[PDB]
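Peer 1: Got an experimental structure here, sequence first:
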Amino acid sequence: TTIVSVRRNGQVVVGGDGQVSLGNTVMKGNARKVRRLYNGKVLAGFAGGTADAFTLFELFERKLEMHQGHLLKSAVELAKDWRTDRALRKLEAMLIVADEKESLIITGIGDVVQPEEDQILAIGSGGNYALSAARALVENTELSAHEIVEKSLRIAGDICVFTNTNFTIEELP
Amino acid sequence: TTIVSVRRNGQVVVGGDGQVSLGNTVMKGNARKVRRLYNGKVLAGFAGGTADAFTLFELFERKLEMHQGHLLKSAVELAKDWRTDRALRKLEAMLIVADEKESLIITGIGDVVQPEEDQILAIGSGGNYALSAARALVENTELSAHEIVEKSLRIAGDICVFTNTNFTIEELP
Amino acid sequence: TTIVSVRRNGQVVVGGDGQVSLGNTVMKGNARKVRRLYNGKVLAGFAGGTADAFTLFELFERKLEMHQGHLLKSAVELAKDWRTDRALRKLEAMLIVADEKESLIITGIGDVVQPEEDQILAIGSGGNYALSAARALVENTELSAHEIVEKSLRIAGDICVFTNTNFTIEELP
Amino acid sequence: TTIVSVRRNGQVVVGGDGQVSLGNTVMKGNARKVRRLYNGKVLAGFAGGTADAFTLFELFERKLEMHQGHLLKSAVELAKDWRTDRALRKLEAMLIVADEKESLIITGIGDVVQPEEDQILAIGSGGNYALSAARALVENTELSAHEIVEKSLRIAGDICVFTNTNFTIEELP
Amino acid sequence: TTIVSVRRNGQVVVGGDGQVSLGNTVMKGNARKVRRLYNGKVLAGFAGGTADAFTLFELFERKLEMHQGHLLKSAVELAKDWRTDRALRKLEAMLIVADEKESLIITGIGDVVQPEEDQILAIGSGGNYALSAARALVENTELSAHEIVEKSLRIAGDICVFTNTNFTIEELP
Amino acid sequence: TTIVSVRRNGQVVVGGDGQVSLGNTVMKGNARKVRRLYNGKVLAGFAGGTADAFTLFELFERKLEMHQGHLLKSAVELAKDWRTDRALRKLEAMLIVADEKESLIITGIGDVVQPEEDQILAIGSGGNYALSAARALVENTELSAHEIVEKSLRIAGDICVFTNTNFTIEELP
Amino acid sequence: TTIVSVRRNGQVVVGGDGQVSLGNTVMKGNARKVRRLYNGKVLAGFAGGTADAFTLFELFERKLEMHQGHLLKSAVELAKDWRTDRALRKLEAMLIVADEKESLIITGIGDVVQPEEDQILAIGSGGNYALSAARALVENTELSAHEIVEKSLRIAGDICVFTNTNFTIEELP
Amino acid sequence: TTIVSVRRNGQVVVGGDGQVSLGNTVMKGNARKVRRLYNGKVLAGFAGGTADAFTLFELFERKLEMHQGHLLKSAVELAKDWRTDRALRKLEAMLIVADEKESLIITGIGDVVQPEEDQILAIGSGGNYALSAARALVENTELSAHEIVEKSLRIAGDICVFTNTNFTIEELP
Amino acid sequence: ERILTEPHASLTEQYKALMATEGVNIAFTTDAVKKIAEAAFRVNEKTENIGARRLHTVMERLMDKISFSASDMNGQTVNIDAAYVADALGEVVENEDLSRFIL
Ligand SMILES: [Mg+2]
Ligand SMILES: [Mg+2]
Ligand SMILES: [Mg+2]
Ligand SMILES: [Mg+2]
Ligand SMILES: [Mg+2]
Ligand SMILES: [Mg+2]
Ligand SMILES: [Mg+2]
Ligand SMILES: [Mg+2]
């Protein structure tokens, strides 16, 4: 799995592959690993255990709902459930969430992290492959955030055996 | 164990082998790994731990009963029991369920997955062997869904040591 | 990660690197691993699991609040929560805390330890590297506590692969 | 380590970082991992112990004589012995060679590998990161084969904790 | 063990602790780990079994003859054989050599390593600690190359449980 | 860590080293591993996990308080908390306790053991080293119990890498 | 096994237990682990298979000829071959040699080790226990070098479960 | 540890060694592993974890008390506490219990076993060694049950490294 | 210092009236009040902080003696000044131990 997000020119994109693999064999190549939350105004992409990912996703959605859908605050409250005595079971998955304001990556262990400057996030086995292609594309091109995402995902896919070419790209106008 | 399902021409089939093996020794070769649920209007085939499989099966049946027997909704509610804090123990088994509308595979870890296009599912150690023979048979033949299932199971059986030739094929008129 | 603290000339400093690494790959190089607590009158730096560190930090802050912000007493009460029957889950992280009076290092296993004489503490993978450079700098130089910290961190960073050069140094006037 | 090679416009470039690590600590940052061979006619890069490399660089000279400076003939030969000669399977490393008509990679395992229609090769723990950057840069930019390698090393070095910034770029002619 | 070397003002010094351990117990504290070689023209230090060392010290004498007392030529050669000669890869150790123009480190794995513009080298479990002390001392003090090595051993020996205080400092000339 | 106790001539002594080590590196060399309990009328020395030791110590102190400070009875009641169904978590540490009447060693697993005849106890990694030196000293010398303890600890320290020379000796007049 | 050597007043003694174990069971209790070599001029003790020893005892005779009965010269030589000769690294054992001017220990790994200003050496699982007893006895008593070894074996044998009480003390002259 | 029991001529004996060992080192050689229960009318000997043994012993004693001290019934009720849903933690120890009527061995896992014919029981590491010597002694001698026990224990002790010669033999007139 | 005297029915006014009952006449000097307040603020700061309640704890520890002997001192007048307070309020609460748990 590969998920990457780029934010430039007042545009936010988050896309990912579609390959679902059981061991060293593929099961499905058309999975949607990026979806819209909170009245379709926040982008979310997940990686890791198929079940753990969905539960991390779902848990986060409940949060957005208990707040005015504020990405940051929500991320922080969800992560707080891991920073207590009640050892809330950990999930072997990761999420990339974004909207018109910020972009974050949240993990099933309980921590939130923000970009760096070029507003680029990437998770999954193929993450760092799309990450490089994107950093490169951003510091040397004028390509749209939507173009960078598709181009980097493809690259990543040609390197990682668990990342295919069936993308699902969501952008927030 | 090998279980495969094909859906074509308004016909749905789900069949499987009969070999039950303890370690590298066979115990029984006439097991029925495919059975009918909800007033015999939904097909279900299981693979994995003998006990875990039956409990996954049973748990699913209770679901169909608490709903109007809707395959999808049922699958989603059962899977939801794994996507919460109460770490509902995981089962080392898998189910293939189908009816006049859809076909799904459900796992003891908590996720539901749908086919791809050719409406073909397969689980178990011998799964991918029957899977190929079936994809092949479907994209190059006019054979019935019932014929494809029997032919692919046989093939799978001649390759996997844990898959025999004592089939149990159920189809939904 | 590398965190070191020096206390000399009525001055207390605590600084650390900024590299956050997932496995053998860097994720972020601008993290703030040293922060101010209790009305910004106590310095704290952490190392270890990103989530475990924050929870160790947070747990300690609640303590300072339940007391008049007394470093020692707080450290001792927090550590007491591990010295009972209720096996308060252990955290894989460590903290360096200091103020105008004392400097301590607290671990997620439940123990508090004080310096030795030269009032120098250091934790993390790169700890002992900054530690040596500092002991050396303190027993053979007239450099400020603020200068020693920056110089030792840099050194440590040139040796440990998980320690970068993006420092965050806090001192208590 | 990261060694990347890019051929664009009769220009063949090969650059690499200069970090030598012993476990998780830096031993040397200013290292030459790309040497000029066969009377400055064949530039090569290694990813392993310099001695291991030197032993194989001298041996590639020999094989390049048995055959008329044919990089490929000489290469395919080396790998045929590296795996058969018991003394050679002792030396573990990655090799990249370029001259004027083609680029290659020699492994102590599999064997020679030629570039795609992009003319780019990369080895070392950070290789795939540099590869991803390059492949994007060469497909969306007009940057020189030298300005590309330049950037790709920076990108990789920033993600891999075993790669630095001291580059040894060897152009040609 | 800890062997450190510092060159400052035409002065090249090499000192080391004297502890010989068998597992977690001390076997000998007064050991010489730095010997004078090539007619007292080349001082060397080892980090391994004395026998292993002696076998390699005598062999460095030989290689230093094939070439005109060129420390580097002789060194690069030794490591080329240490890894190729099946009998030499039996001897595991670290080597440090200095004479009058340069200092080096020979490994039974990678290969030769030259100092940075600081002219300092260190090996042994406590090496990196001594290295950290030195690098700080040589960049902030005017202490002699001998008074530095002196201190660095003390610092390292106090952190490493496999290093003691009986030093064998060999200056030059 | 090394702790030993000798009882002769109506005198009881219990002493120990001061080295606190994290892995193969020392952290502090001036720790007090022997302390006075119950109005300073009972000697106690501990070894093992820094946190487990303190909790074993603390748990024992509460006992002395709930009784008239009777060493034996207290030891037996504390150990009883491990000999029940409620699997009171085990502590990876050991204690040596003594007073004007008896000397015992208590473990975090739940058992109490008495000397043998020469009234000598010793625990920790360096225990048996001080133990021998003491048995020897007691069956062939007229040295005070206070002299035997210091002399044996020193010996032990020169053998075990986790035992230093910074002793803390307590005796009960 | 426990072999200890003590030199006091022109008197050099070497004694050892006599237990031969196979795993956790006794195979033989009356064994000679100290033999007289070089025409009763060099007493030696081994800690390993007698055959392994005999093979090395005969070989120490040879090396003691190449050089004028110089125990050290002969020793340092043996260890130089024990580690280099592929057939010798097959034999695992510990060796202790004494004659009239010095005592030594030969290892199939590191290499020769000379006593401190105390003139005492010990090998075997119980070695360090005997060592501790001796070092105390020789520093606080006037007991003969023979009455010391005597006692030290008793002490060690009582702590080590792989050492017994049948001693083979070889004095000299 | 070794414990054996013989019943002949209206006499019942149960004896055992006294060696208490921590790892491969002895701690105490005078332990009483055989004791009298229920108004001193039932013999009990234990083996295994020092703490687990005492808790198995203690648990059994409470039983005898809740019944008229009937060995069999008591053994069966104690074992019943392991044959339920409440997974009563298992103890790594074993007991040999006897009186004027029967002889049994009870384990910390929950099962009771009776002799065979010659009324001989034996547990511990050295068990089967004393067992053979006893079977032999019983099927070929007229020696008292008290004589057989002492003689077999001694034998066992000369074979097992964890079994000494400090016996404690109890017999029921 | 102000809570001690200003408020209607302050602690100083209460003790004055209580002792007056036994025929004793007491008077707190400005310096005395100031030390009572410093001590109170001092222990709330080094140990457990209970606010103005601490004043009650300290006064009681201070009026300990007179409260007992008041019946035997009728007609007299007592002057609670700096010295009287420094004697009554001994020296520094009680230790500050805590390193007993530290390594
Ligand atoms: Mg792919
Ligand atoms: Mg088959
Ligand atoms: Mg670094
Ligand atoms: Mg890097
Ligand atoms: Mg040391
Ligand atoms: Mg030591
Ligand atoms: Mg023994
Ligand atoms: Mg024995």
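Peer 2: Great, that's in hand. Numbering: from 1, shown residues only, chains lettered A, B, ... in the order given. Ligands and ions are numbered 1, 2, ... in the order given.
Peer 1: Can you report how many residues neighbour whichever residue of chain I sits closest to ligand 6?
Peer 2: Among the residues of chain I, residue I:103 lies closest to ligand 6, at 18.6 Å counting by C-beta to the ion. C-betas here are computed from N, CA, C, even on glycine. By the measure other C-beta atoms under 10 Å in any protein chain shown, the count of residues near residue I:103 is 18.
Peer 1: so who does it touch?
Peer 2: Shown in contact with residue I:103 (C-beta atoms under 8 Å, 6 or more residues apart in numbering or on different chains): C:111, C:112, C:113, F:20, F:28, F:31, F:50, F:54.
Peer 1: Report the spatially closest residue to the second one, excluding sequence-adjacent ones.
Peer 2: Residue nearest to residue C:112 in three dimensions, not counting chain neighbours: residue C:75, with 4.4 Å by C-beta to C-beta, 6 or more residues apart in numbering or on different chains.
Peer 1: so who does the one you found touch?
Peer 2: Residues near residue C:75 by C-beta under 8 Å, 6+ apart: C:60, C:63, C:97, C:104, C:106, C:112, I:102.
Peer 1: re the thing from before, need the nearest residue in space to the residue of chain I closest to ligand 6, chain neighbours excluded.
Peer 2: Distance criterion C-beta to C-beta, 6+ apart; nearest residue to residue I:103, sequence neighbours excluded, is residue C:113 at 5.0 Å.
Peer 1: among the contacts of residue C:75, which are in strands?
Peer 2: C:97, C:104, C:106, C:112 (DSSP state E).
Peer 1: Near the spatially closest residue to the first one that is not a sequence neighbour, how many other residues are there?
Peer 2: This means residue C:97. Nearest residue to residue C:97, sequence neighbours excluded (C-beta to C-beta, 6+ apart): residue C:44, at 4.9 Å. The tally of other residues near residue C:44 (other C-beta under 10 Å) stands at 25.
Peer 1: Mind telling me what element residue C:44 is part of?
Peer 2: Per DSSP states H and E, residue C:44 falls inside strand C:42-48.
Peer 1: Neighbouring strands - and their directions - for that strand?
Peer 2: Strand C:42-48 pairs in its sheet with strand C:34-37 (antiparallel), strand C:93-98 (antiparallel), by DSSP bridges.
Peer 1: mind checking which helix or strand the residue positioned nearest the centre of chain I is in?
Peer 2: Centroid-nearest residue in chain I, with C-alpha atoms, centre = their mean: residue I:59, separated by 2.7 Å. Residue I:59 is part of helix I:53-62 when elements are defined by DSSP H and E.
Peer 1: how far off strand C:103-107 does the strand holding residue C:44 point, in degrees?
Peer 2: 30 degrees (axes from the mean of the first three to the mean of the last three C-alpha atoms, to 10 degrees).
Peer 1: buried stuff in strand C:42-48?
Peer 2: Under the neighbour-count criterion of 16 or more other C-beta atoms under 10 Å in any protein chain shown, strand C:42-48 has C:42, C:43, C:44, C:45, C:46, C:47, C:48 buried.
Peer 1: Pretty sure the second one sits against residue C:36.
Peer 2: Meaning residue C:43. Yes - when contacts are counted by C-beta atoms under 8 Å, residue C:43 is listed as touching residue C:36 (6.4 Å).
Peer 1: who touches both of these two?
Peer 2: residue C:170.
Peer 1: about what we covered before: and the gap between the residue of chain I closest to ligand 6 and chain H?
Peer 2: Residue I:103 sits 25 Å away from chain H when distances are taken as C-beta to the nearest C-beta, to the nearest Å.
Peer 1: what's the distance between that residue and residue F:18?
Peer 2: Distance, residue I:103 to residue F:18, using C-beta to C-beta, to the nearest Å: 10 Å.
Peer 1: Common neighbours of the two, please.
Peer 2: With C-beta under 8 Å, 6+ apart as the test, residue I:103 and residue F:18 both reach F:28, F:31.
Peer 1: Looking at the buried residues of strand C:42-48, which is nearest ligand 6?
Peer 2: Within the buried residues of strand C:42-48, proximity to ligand 6 (C-beta to the ion) peaks at residue C:47, which comes in at 27.2 Å.
Peer 1: Give me the nearest residue to that closest one, chain neighbours excluded.
Peer 2: Once flanking residues are discounted, residue C:47 sits nearest to residue C:124: 3.7 Å by C-beta to C-beta, 6+ apart.
Peer 1: Tell me how many other residues crowd the one you found.
Peer 2: Neighbours of residue C:124 (other C-beta under 10 Å): 26.
Peer 1: So which residues of the chain form strands?
Peer 2: Reading this off chain A. Using DSSP E, strands in chain A cover A:3-8, A:11-16, A:20-22, A:25-28, A:34-37, A:42-48, A:93-98, A:103-107, A:112-113, A:120-123, A:168-172.
Peer 1: hmm, I had chain I in mind actually
Peer 2: For chain I, the strands defined by DSSP E cover I:25-28, I:77-80.
Peer 1: Mind checking these for the one nearest to residue H:7?
Peer 2: Residue H:7 lies closest to strand I:77-80 among those, at 88.2 Å (C-beta to C-beta).
Peer 1: packing partners for that closest one?
Peer 2: strand I:25-28 (3 or more C-beta pairs under 8 Å, 6 or more residues apart in numbering or on different chains; DSSP states H and E).
Peer 1: which other residues reach the strand it packs on?
Peer 2: I:4-5, I:12, I:15-16, I:19-20, I:66, I:76-80.
Peer 1: chain center to it: distance?
Peer 2: 13 Å (C-alpha atoms, centre = their mean, to the nearest Å).
Peer 1: List the buried residues in it.
Peer 2: I:26, I:28.
Peer 1: partners of that strand, with directions?
Peer 2: Using DSSP bridges, the strands paired with strand I:25-28 are strand I:77-80 (parallel).
Peer 1: For stretch A:5-18, measure first residue to last.
Peer 2: 16 Å (C-alpha to C-alpha, to the nearest Å).
Peer 1: make that stretch A:160-173, sorry
Peer 2: Note: stretch A:160-173 ends 30 Å apart using C-alpha to C-alpha.
Peer 1: How about it and chain C, any contact?
Peer 2: No - Stretch A:160-173 lies out of reach of chain C by C-beta under 8 Å from any C-beta of the partner chain, never closer than 13.7 Å.
Peer 1: Name the residues of that stretch that are buried.
Peer 2: A:160, A:162, A:163, A:164, A:166, A:167, A:168, A:169, A:170, A:171, A:172.
Peer 1: Closest one of these to residue B:7?
Peer 2: residue A:166 (21.9 Å).
Peer 1: Now do the closest residue in space to the closest one that isn't next to it in sequence: how many residues are near it, please.
Peer 2: Leaving aside its chain neighbours, residue A:166 sits nearest to residue A:18 (3.3 Å; criterion: C-beta to C-beta, 6+ apart). The number of residues packed near residue A:18 is 19, by other C-beta under 10 Å.
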